[PDB]
Amino acid sequence: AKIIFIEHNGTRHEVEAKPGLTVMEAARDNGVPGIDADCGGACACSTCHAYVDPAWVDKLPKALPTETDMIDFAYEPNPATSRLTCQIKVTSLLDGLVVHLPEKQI
Ligand code: FES
């Protein structure tokens with residue numbers, strides 16, 4: 001499944017992620033800039049924050065309270081598109097998924 005990461009300045013990164021991996025790993029394991037992933041996907045740092053593209057938001061599973069609670073600690077979260085990538089699992093049907101990276105991670 002191809003995952004597309006777009007930095008805030010508009011630089012496009014494309015990665016081929018195997019189903020089962022998380023979006024966070026897809027970016028981390030492939031050297032995509034903008035994702036810190038400090039807690040390693042334990043949904044405790046929120047430094048894997050990103051804005052899912054409006055066109056795909058409805059195709060992802062909805063966020064659980066544990067995740068939503070942690071997004072409020074991310075850098076400039078968006079109630080509509082913000083998500084923690086470590087909480088989104090790649091699946092073949094998400095081939096072509098587009099994610100926009102914030103300017104900073106906290
Ligand atoms: S990488 Fe720590 S919250 Fe996702």
Side-chain angles (χ1 to χ4, degrees):
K2 177 168 68 182
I3 312 291
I4 301 158
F5 298 86
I6 301 166
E7 305 175 65
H8 71 288
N9 58 47
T11 296
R12 195 187 173 79
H13 297 281
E14 305 176 324
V15 307
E16 185 56 43
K18 205 173 182 289
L21 291 190
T22 63
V23 173
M24 176 284 269
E25 284 149 328
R28 184 190 64 184
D29 297 359
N30 290 300
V32 183
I35 289 287
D36 287 327
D38 304 322
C39 83
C43 204
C45 82
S46 70
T47 63
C48 70
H49 178 213
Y51 310 113
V52 183
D53 186 279
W56 293 84
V57 298
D58 306 310
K59 300 193 173 66
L60 291 178
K62 63 179 165 178
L64 287 182
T66 324
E67 194 203 331
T68 59
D69 285 336
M70 213 77 332
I71 292 181
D72 306 302
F73 286 76
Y75 179 77
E76 301 191 295
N78 184 305
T81 63
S82 281
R83 291 295 303 270
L84 296 183
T85 51
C86 72
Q87 303 297 139
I88 298 158
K89 185 185 70 162
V90 67
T91 64
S92 73
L93 241 72
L94 288 171
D95 185 36
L97 172 66
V98 175
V99 163
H100 291 282
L101 306 160
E103 187 184 9
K104 303 175 176 172
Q105 293 292 1
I106 63 177

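All heavy atoms count here, side chains included; hydrogens, waters and symmetry mates do not. Numbering of residues begins at 1 and proceeds along the displayed sequence. Order of listing sets the numbers, starting from 1, for every ligand and every atom in it.
Shortest non-hydrogen contact noted between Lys18 and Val90 is O-CG1, 2.9 Å. Between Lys89 and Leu94, the closest heavy-atom pair is O-CD1, 3.6 Å.
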Atom pairs and distances, side-chain donor-acceptor, residues 40-54, under 3.5 Å, sequence neighbours left out:
residue, atom, partner, partner atom, Å
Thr47, OG1, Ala37, N, 3.2
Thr47, OG1, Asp38, N, 2.9
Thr47, OG1, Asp38, OD2, 3.4
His49, ND1, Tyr75, O, 3.3
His49, NE2, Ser82, OG, 2.6
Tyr51, OH, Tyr75, O, 3.4
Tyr51, OH, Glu76, O, 2.4
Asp53, OD1, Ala55, N, 3.0
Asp53, OD2, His100, NE2, 3.1

Under 3.5 Å, which donor-acceptor pairs link side chains of residues 24-33 to any protein atom two or more places apart or in another chain?
residue, atom, partner, partner atom, Å
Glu25, OE1, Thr22, N, 2.8
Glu25, OE1, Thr22, OG1, 2.7
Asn30, ND2, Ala26, O, 2.6

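The distance from the CG atom of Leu60 to the OG1 atom of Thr85 is 11.0 Å, given to the nearest 0.5 Å.
Around atom 4 (Fe) of ligand 1, protein N, O or S atoms at less than 2.8 Å comprise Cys48 SG, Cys86 SG.
Qualifying side chain to side chain donor-acceptor pair (under 3.5 Å) partners for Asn9, counting only residues two or more places apart in sequence or in other chains: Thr11.
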